[PDB]
Structure formats: C-alpha cells, structure tokens
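Undergrad: Following this: a sequence and the matching experimental structure.
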Number of protein chains: 4
Amino acid sequence: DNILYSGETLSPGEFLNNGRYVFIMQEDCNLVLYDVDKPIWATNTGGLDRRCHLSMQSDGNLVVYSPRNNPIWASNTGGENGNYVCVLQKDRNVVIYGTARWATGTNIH
Amino acid sequence: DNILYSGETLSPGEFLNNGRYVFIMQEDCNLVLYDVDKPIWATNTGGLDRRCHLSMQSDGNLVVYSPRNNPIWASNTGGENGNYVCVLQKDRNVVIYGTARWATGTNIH
Amino acid sequence: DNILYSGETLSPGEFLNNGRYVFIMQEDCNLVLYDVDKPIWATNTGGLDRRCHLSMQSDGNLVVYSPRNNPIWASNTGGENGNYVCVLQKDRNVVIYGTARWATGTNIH
Amino acid sequence: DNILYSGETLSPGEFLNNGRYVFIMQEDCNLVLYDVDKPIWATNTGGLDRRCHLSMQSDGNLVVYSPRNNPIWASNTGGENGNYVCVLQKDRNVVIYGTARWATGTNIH
Ligand SMILES: OC[C@H]1O[C@H](O[C@@H]2[C@H](O)[C@@H](O)O[C@H](CO)[C@H]2O)[C@@H](O)[C@@H](O)[C@@H]1O
Ligand SMILES: OC[C@H]1O[C@H](O[C@@H]2[C@H](O)[C@@H](O)O[C@H](CO)[C@H]2O)[C@@H](O)[C@@H](O)[C@@H]1O
Ligand SMILES: OC[C@H]1O[C@H](O[C@@H]2[C@H](O)[C@@H](O)O[C@H](CO)[C@H]2O)[C@@H](O)[C@@H](O)[C@@H]1O
Ligand SMILES: OC[C@H]1O[C@H](O[C@@H]2[C@H](O)[C@@H](O)O[C@H](CO)[C@H]2O)[C@@H](O)[C@@H](O)[C@@H]1O
Ligand SMILES: OC[C@H]1O[C@H](O[C@@H]2[C@H](O)[C@@H](O)O[C@H](CO)[C@H]2O)[C@@H](O)[C@@H](O)[C@@H]1O
Ligand SMILES: OC[C@H]1O[C@H](O[C@@H]2[C@H](O)[C@@H](O)O[C@H](CO)[C@H]2O)[C@@H](O)[C@@H](O)[C@@H]1O
Ligand SMILES: OC[C@H]1O[C@H](O[C@@H]2[C@H](O)[C@@H](O)O[C@H](CO)[C@H]2O)[C@@H](O)[C@@H](O)[C@@H]1O
Ligand SMILES: OC[C@H]1O[C@H](O[C@@H]2[C@H](O)[C@@H](O)O[C@H](CO)[C@H]2O)[C@@H](O)[C@@H](O)[C@@H]1O
Ligand SMILES: OC[C@H]1O[C@H](O[C@@H]2[C@H](O)[C@@H](O)O[C@H](CO)[C@H]2O)[C@@H](O)[C@@H](O)[C@@H]1O
Ligand SMILES: OC[C@H]1O[C@H](O[C@@H]2[C@H](O)[C@@H](O)O[C@H](CO)[C@H]2O)[C@@H](O)[C@@H](O)[C@@H]1O
Ligand SMILES: OC[C@H]1O[C@H](O[C@@H]2[C@H](O)[C@@H](O)O[C@H](CO)[C@H]2O)[C@@H](O)[C@@H](O)[C@@H]1O
Ligand SMILES: OC[C@H]1O[C@H](O[C@@H]2[C@H](O)[C@@H](O)O[C@H](CO)[C@H]2O)[C@@H](O)[C@@H](O)[C@@H]1O
Ligand SMILES: OC[C@H]1O[C@H](O[C@@H]2[C@H](O)[C@@H](O)O[C@H](CO)[C@H]2O)[C@@H](O)[C@@H](O)[C@@H]1O
Ligand SMILES: OC[C@H]1O[C@H](O[C@@H]2[C@H](O)[C@@H](O)O[C@H](CO)[C@H]2O)[C@@H](O)[C@@H](O)[C@@H]1O
Ligand SMILES: OC[C@H]1O[C@H](O[C@@H]2[C@H](O)[C@@H](O)O[C@H](CO)[C@H]2O)[C@@H](O)[C@@H](O)[C@@H]1O
Ligand SMILES: OC[C@H]1O[C@H](O[C@@H]2[C@H](O)[C@@H](O)O[C@H](CO)[C@H]2O)[C@@H](O)[C@@H](O)[C@@H]1O
C-alpha cells in the first residue's frame, strides 16, 4: 500500500500503489512509476543487474541495492538518523518525509 | 484515507481510517482514535464546543479550531514552513512527518 | 478488506472494513457491524461461546461456528453450490451476492 | 475502488483498481485489464469510437456504450432484474456476481 516505512524494503516485484498509480521495484533492477501502462519516471537502472531490492533507510536515504548489496542508485537524502516515510501520493508525486515530529504513541508490538 | 496532507482539513464528522483504526474529528469537538469501538487516545476537548475542524498546517502544527476559528488544542509542533503529512499508520500510531526531503516531481494540477 | 470470498473464513478477531465501517467476528462469538464505535447490527450470539469462526461457504450460506464446529447462527441462504461473495459496501449494507455469472478468466494460482 | 455496483457507470478514463491491477474504460473505447503495464484482457473495441461509457446494469449485463448510446460490446449476462456487482478481485479475475441473496439492511440514503 501507498507507504514504505523506514526500516522496510521492497523485494523484487514488490510495489506501492495508489489508485491507477504503481511504483515498482522491477526484477530487471529498474524502479519505475507507472500511470496505468505509461512510465512517467524511473531510476533508469534497467539491465544494470538482476533481483535488486529497494530500501527506505533510517538515515533518510532511499536506495536501490544489487543482490550483492552494492548501491546502484540513491536519492542522496542520507542525513539524520530517525523515522521516515516514502509516500506514493494521491496527486501522483512520490515524496520522502521525515523525521517524525509528533506521535500519539499508540503503536503495538 | 490514511493521510491528512498539509493544507487540508477535516470538517466535522470527517476521518482518517486504516483497517480497524479510525481517527475522527467528532462533532462534539473531541478528536479521537478508535480501535474498533474502543477509544485509545483523544484530545479530551469533548463538549468544549460544537462543529470544530481539524487543520494540518504548513507550519507543521496540527490544530483543532472552533467554528469561530480560535484554537482549542494543538500538537505544538509549529515550526518551519513546508510540506507535512499526518499519517494513521498500520501499527496504530498517528504520526506527523516533514518537511519533504526529496520528490520525483510528477504531481498534477 | 471489504470482501469475504466463498471458501474463506474469518478467525477470532478478524474483520472486514470499509471507511469508518467495521464488520468483525469478535472473540466472544458475537458478529457485529460498527459505524465507528456504534454497533448497528449483530448476530446477538455474544457469550454463547468463545473463539468462534465465520465461514462464507460455497453453498452460499454465511455461518458462525463454535470451536467444536457446531453452527450457532446462519444467514439461511444455503442453496446452490458455486462461488459467492459477502461484501461490506460503501453505503453501509452487508450483502451476499452469487453465483458468479461471468468472468474474464484471468485468475492466478 | 474494486467494485462497480449495478446502476453505476464508468465514464471515459474512470477505472477499477486492486493492488497492481487496473480495469479501465479507455477514451479510445477499449476496456482493458492491466497487470502493471501489461494488458492481460480487453474487449478489443479500441478505435471503434470515442468517449464510450461502461454500464453495470440492473438486468445483470455489463455493457460498453458509444456516446450515442448504442451498445458496442456486452457480457451477454442480461437476465433477471436485481442488484449485481462487478468485482476486480485480489486473484486478478474480474467477475460479475448476483442477484443479492441476503443483506443486513443497514444502508443509508
Ligand atoms: O532519463 C533522464 C531522466 O532524468 C530523471 O529522473 C531522474 C533519474 O531517474 C535518476 O537520475 O534519478 C534522479 C534522482 O532524483 C531522477 O529524478 C527525470 O528528470 C526524467 O524526466 C528524465 O527522463
Ligand atoms: O523487459 C523489459 C521490461 O519492460 C518494462 O520495464 C521497462 C524497462 O525497465 C526499461 O525499458 O525502462 C522502462 C522505463 O523507462 C520500463 O518501463 C516492464 O514491462 C518490465 O516488466 C520488463 O522487464
Ligand atoms: O549511514 C551510513 C549507511 O550506510 C549505508 O548507506 C549509505 C548512506 O545512506 C549514504 O552514504 O548513501 C549510500 C549510497 O549512495 C548508502 O549506501 C548502509 O550501511 C546503512 O545501513 C548505513 O546506515
Ligand atoms: O515516534 C514515531 C515512531 O514511533 C514508532 O517507532 C518507535 C521509535 O522509533 C522509538 O520509540 O523506538 C521504538 C522502538 O523500540 C519504535 O517503536 C513507530 O510507529 C514509527 O513508525 C514512528 O515514526
Ligand atoms: O486524559 C489524559 C490523557 O493524556 C493524553 O493524551 C494527550 C491529551 O490527549 C492532550 O493533552 O493532548 C496531548 C498531546 O500531545 C495528548 O498526547 C494521554 O497521555 C492519555 O494516555 C491520557 O489518558
Ligand atoms: O455523545 C457522547 C459521544 O460519545 C463518543 O464520543 C466520546 C466523547 O467525545 C467523550 O466522552 O470522549 C470519549 C473518549 O475519551 C469519546 O469516545 C461518541 O460516540 C460520540 O459520537 C458521542 O457524541
Ligand atoms: O505561523 C503562524 C500561524 O498562525 C496560526 O497558527 C498558530 C501556530 O501554528 C502556532 O502558534 O500555534 C497556534 C495554536 O496553538 C496556531 O494557531 C494560523 O494563522 C496559521 O495559518 C499561521 O501560519
Ligand atoms: O516537493 C514536495 C511537494 O510537491 C508538491 O507540492 C509543491 C510544492 O509545495 C512547491 O512546488 O509548490 C508547488 C505549487 O506551486 C506544489 O505543487 C506536492 O505533491 C506536495 O504534496 C509535496 O510535498
Ligand atoms: O435483537 C433483535 C435484532 O434483530 C436483528 O438482526 C437479526 C439478528 O441479528 C439475528 O436474528 O440474525 C438476523 C438474520 O438475518 C439478523 O438480521 C435486527 O432486526 C435488529 O434490528 C434487532 O435489534
Ligand atoms: O466485553 C463485552 C464486549 O463489548 C463489545 O461487544 C459487544 C458484545 O458482543 C454484546 O454486548 O453485543 C454488543 C452489540 O450488540 C457488542 O458491541 C466489544 O467491546 C467486545 O470487544 C467486548 O468483548
Ligand atoms: O451443504 C451442506 C453443508 O453442510 C454444512 O453446512 C450447513 C448448510 O449450509 C445449511 O444446512 O445450514 C447449516 C446451518 O444452519 C450449515 O451448517 C457444512 O457441512 C458445509 O460444508 C456443507 O457444504
Ligand atoms: O468463474 C468465477 C470464479 O473463477 C475463479 O474460480 C474458479 C472456479 O471456481 C472453477 O474454475 O474452479 C477453479 C479451480 O480449479 C477456480 O479457480 C475465482 O477467481 C473465483 O473467485 C471466481 O468466482
Ligand atoms: O482477441 C481475442 C481475445 O478473445 C478474448 O477475450 C474476449 C474478447 O475480449 C471479447 O470477445 O469479449 C469476450 C467476452 O466474454 C472476451 O472474453 C480472450 O479469450 C483473449 O484471450 C483473446 O486474445
Ligand atoms: O493510443 C493507443 C492506446 O494504447 C493503449 O491502449 C491499447 C489500445 O486500446 C489497443 O491497442 O489495445 C491495447 C490492448 O489490447 C491497449 O493496451 C493505452 O496506452 C491507451 O491509453 C492508448 O490510447
Ligand atoms: O432489459 C432491457 C435493457 O435494454 C438495454 O439493455 C440491453 C440488454 O441488457 C441486453 O439486450 O443486451 C443489450 C446489448 O447487447 C443491452 O443494450 C437498456 O435499455 C437497459 O436499461 C434495459 O434494462
Ligand atoms: O438488498 C440488497 C440491496 O440493498 C440496497 O438496495 C435496495 C434494494 O435495491 C431495494 O430495497 O430498493 C432499495 C431502494 O428504494 C435499495 O436501497 C443496496 O445496498 C444494494 O446495494 C443492495 O444490493
């Protein structure tokens, strides 16, 4: 669903979705935003390797990694340690937000 | 749905939802998080007035306002001008994040 | 999410949701539709037993069963064998539909 | 969202969605199911006309109509008058179900 939280990854073929928009870590290692069947943005790393994963890290940087765990693309927003979210929004932008400023503190474990 | 963006409000009776969790600006001016029919957190401003609205502001502060536009509760996170989101998360926390650090820039208007 | 398919069950504490509406198989064996924290319909079998499950069956009947697998409530719509769905709808009704009349035939396994 | 109810239509460019699946009434009058950017089924009426609509009717038939209101494709499931749903399911099938067999009767107006 529409959010990737810091600490989580998208494995090969996993995605975020919002309405007709899909943001997917393809198995060809390209990361693409589709509007239905039209690609509207990508990391342009298709063919660079196979079975990459996407990580939303707690330093705030969003990074595509190869199966050997070498970076192949990153947003370059690596900064203070904290909690972040990457959001596929209702207006079609994909946006990284953080750190957390306030919380009810009602989470469960 | 699970996000209130900076610049938007919840009017009386409007809500965020995620699974069995509901975060609603009640018409008695109380703002409450329910887990099904159990209230798990609230602003405890019920009865203070009627037909309040909730605003997620671009200074980053989340504020309950009376029909005359006087604040009656706030998160006290008012700070730099920017884009924020308030999120009802899958783990039951409600969290404010911002400002925006990175975007694909694919939004529409 | 808002549909229970024939062949599936809700275990104790599992639910359907649509916006502020929740339809849950409670662990007290009562099956209840909530509008936020207000109960608007129930099977009224609370206390009859503990850790019941809900089954949407392929004969079309929706049935609450006790841990020993004895029926304690049913919709009485048991009829022809086929595919059905129970839907929590956007207008707040909960409705059983079937059998299947037409399909693209694009399902995966 | 994933259901078209009897009595409703999809106008040009409107769609159903479920995860990475999208079922859209295109403005070229073709009705297509996409798995991300791959078309997996269609009515193959692209180019036949422009700005068609999709109707889920109360006789149970799902019909593509031209701007002049002449049928150009139909599921051929027109039958008894009642309530139906067309569902884009989690397993990638698109399925018509009806009529309604049972309801809580809690809808609002
Ligand atoms: O092919 C060029 C391509 O550049 C753009 O997107 C950028 C690339 O995907 C990659 O370099 O990562 C960038 C990081 O933040 C990303 O924006 C777009 O400007 C696109 O319009 C253009 O086609
Ligand atoms: O097999 C090629 C590939 O096509 C589509 O992915 C595309 C490629 O990653 C590359 O061409 O970049 C395109 C965006 O700029 C992207 O659409 C998908 O159909 C993919 O699944 C397939 O592997
Ligand atoms: O904080 C260091 C960080 O290192 C790895 O991450 C890197 C940083 O995010 C930044 O330097 O950009 C690199 C890619 O361009 C990226 O790999 C991991 O070791 C991470 O877990 C660690 O926190
Ligand atoms: O406060 C925001 C934050 O709360 C929850 O995360 C917690 C914090 O990272 C810190 O308290 O450490 C906790 C673990 O021991 C962790 O729960 C989450 O809901 C997170 O998503 C949120 O941003
Ligand atoms: O009734 C006391 C109540 O306090 C708490 O929540 C706080 C209040 O809702 C209000 O003061 O706003 C606070 C702001 O950030 C909010 O947390 C909780 O601690 C609750 O456990 C307690 O019942
Ligand atoms: O009519 C009272 C009120 O009850 C419920 O709201 C409650 C009140 O706002 C106050 O008691 O605080 C409770 C949480 O601490 C909250 O549940 C709702 O049923 C509401 O709709 C109703 O108006
Ligand atoms: O930036 C000033 C701000 O004022 C109003 O907002 C206030 C601030 O967020 C902060 O002071 O907290 C007040 C409540 O406790 C809150 O009203 C509005 O005028 C707003 O639009 C403006 O940006
Ligand atoms: O960059 C993040 C931001 O992008 C989009 O908002 C834009 C900015 O606020 C700035 O560019 O001004 C624009 C308007 O003239 C506005 O679109 C949104 O998608 C926003 O949600 C996002 O945080
Ligand atoms: O308490 C009486 C209750 O009856 C009603 O709902 C019915 C019961 O939940 C149970 O008998 O199962 C019925 C099956 O199809 C169900 O409707 C409602 O009429 C309710 O209004 C009334 O309170
Ligand atoms: O502990 C009692 C019970 O209260 C609520 O469930 C209620 C009961 O099942 C019975 O009273 O019927 C009510 C509807 O007619 C129903 O709300 C829940 O809070 C439940 O979790 C709790 O176990
Ligand atoms: O078709 C028989 C059916 O039997 C059980 O189900 C029952 C029927 O749905 C109907 O008789 O109502 C009963 C409750 O009031 C219900 O148990 C199971 O054996 C089922 O799997 C089987 O198909
Ligand atoms: O045709 C509607 C039906 O299709 C899919 O179910 C299939 C049928 O029950 C029949 O073909 O047997 C198949 C298994 O061997 C089964 O897949 C599902 O998508 C179902 O939900 C749907 O109603
Ligand atoms: O191009 C032939 C095409 O036929 C199929 O789907 C059918 C057509 O879209 C149209 O005739 O409407 C049919 C109605 O119920 C629909 O299935 C598929 O069999 C497809 O595999 C094939 O490519
Ligand atoms: O402009 C052509 C058209 O391409 C895509 O729609 C396709 C056509 O309707 C026709 O070729 O059938 C295809 C499926 O069999 C279908 O994908 C879309 O990109 C559409 O928006 C565009 O108008
Ligand atoms: O019940 C008649 C019906 O007529 C129109 O619908 C038609 C039927 O569903 C069936 O004959 O198939 C036709 C297309 O192949 C379809 O148009 C409308 O007049 C409808 O509203 C009416 O109920
Ligand atoms: O019973 C299932 C049905 O209930 C609701 O629809 C109603 C019926 O069509 C009949 O009662 O006429 C009513 C209008 O005067 C109408 O509400 C809906 O929730 C429908 O979706 C559902 O299938």
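TA: Arrived safely, thanks for sending. Residues are numbered from 1 along each chain as shown, chains lettered A, B, ... in the order given. Ligands and ions are numbered 1, 2, ... in the order given.
Undergrad: Around whichever residue of chain A sits closest to ligand 4, how many other residues sit close by?
TA: The nearest approach of chain A to ligand 4 comes at residue A:83, 3.2 Å away (Cβ to the nearest ligand atom). Every C-beta, even on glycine, is put in place using the N, C-alpha and C of the backbone. If you count neighbours by other Cβ atoms under 10 Å in any protein chain shown, residue A:83 ends up with 17.
Undergrad: So it sits against residue A:99, correct?
TA: Yes. Contact status for residue A:83 versus residue A:99: in contact at 5.9 Å, counting by Cβ atoms under 8 Å.
Undergrad: Need the overlap of contacts for the two.
TA: residue B:97 (Cβ atoms under 8 Å, 6 or more residues apart in numbering or on different chains).
Undergrad: Give me every residue in chain A lying close to ligand 2.
TA: By the rule Cβ under 6 Å from any ligand atom, the part of chain A lying against ligand 2 is A:26, A:28, A:30, A:32, A:39, A:42, A:46.
Undergrad: a markdown table for those, including neighbour count?
TA: Below are the residues of chain A next to ligand 2 laid out as a markdown table (neighbours: other Cβ atoms under 10 Å in any protein chain shown):
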| residue | neighbour count |
| --- | --- |
| A:26 | 18 |
| A:28 | 15 |
| A:30 | 19 |
| A:32 | 20 |
| A:39 | 12 |
| A:42 | 15 |
| A:46 | 13 |
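Undergrad: Contacts only, for residue A:48.
TA: Listed by Cβ under 8 Å, 6+ apart, the contact set of residue A:48 reads A:29, A:66, A:72.
Undergrad: could I get those residues as JSON lines with distance to ligand 15?
TA: Below are the contacts of residue A:48 laid out as JSON lines (distance: Cβ to the nearest ligand atom, whole Å):
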{"residue": "A:29", "distance to ligand 15": "47"}
{"residue": "A:66", "distance to ligand 15": "53"}
{"residue": "A:72", "distance to ligand 15": "52"}
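Undergrad: Filter those down to the buried ones and hand me the ChimeraX line.
TA: A single ChimeraX command selects the buried members of these (16 or more other Cβ atoms under 10 Å in any protein chain shown):
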select /A:29,66
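Undergrad: my guess is residue A:102 contacts residue B:75, does it?
TA: Yes. Taking Cβ under 8 Å as the definition, residue A:102 is a contact partner of residue B:75 at 4.6 Å.
Undergrad: for the residue of chain A at minimum distance from ligand 9, what are its contacts?
TA: Nearest to ligand 9, among the residues of chain A, is residue A:108, at 30.7 Å (Cβ to the nearest ligand atom). Each residue near residue A:108 by Cβ under 8 Å, 6+ apart is listed here: B:91-92.
Undergrad: at 6 Å instead, please
TA: Counting by Cβ atoms under 6 Å, 6 or more residues apart in numbering or on different chains, residue A:108 touches residue B:92.
Undergrad: Residue B:93 versus that one, what's the distance?
TA: Computed as Cβ to Cβ, to the nearest Å, the residue A:108 to residue B:93 distance reads 9 Å.
Undergrad: The residue lying closest to residue A:58 once chain neighbours are set aside: neighbour count?
TA: Take residue A:58 and drop its neighbours on the chain: the residue closest to it by Cβ to Cβ, 6 or more residues apart in numbering or on different chains is residue A:6, 4.7 Å away. By other Cβ under 10 Å, 22 other residues sit near residue A:6.
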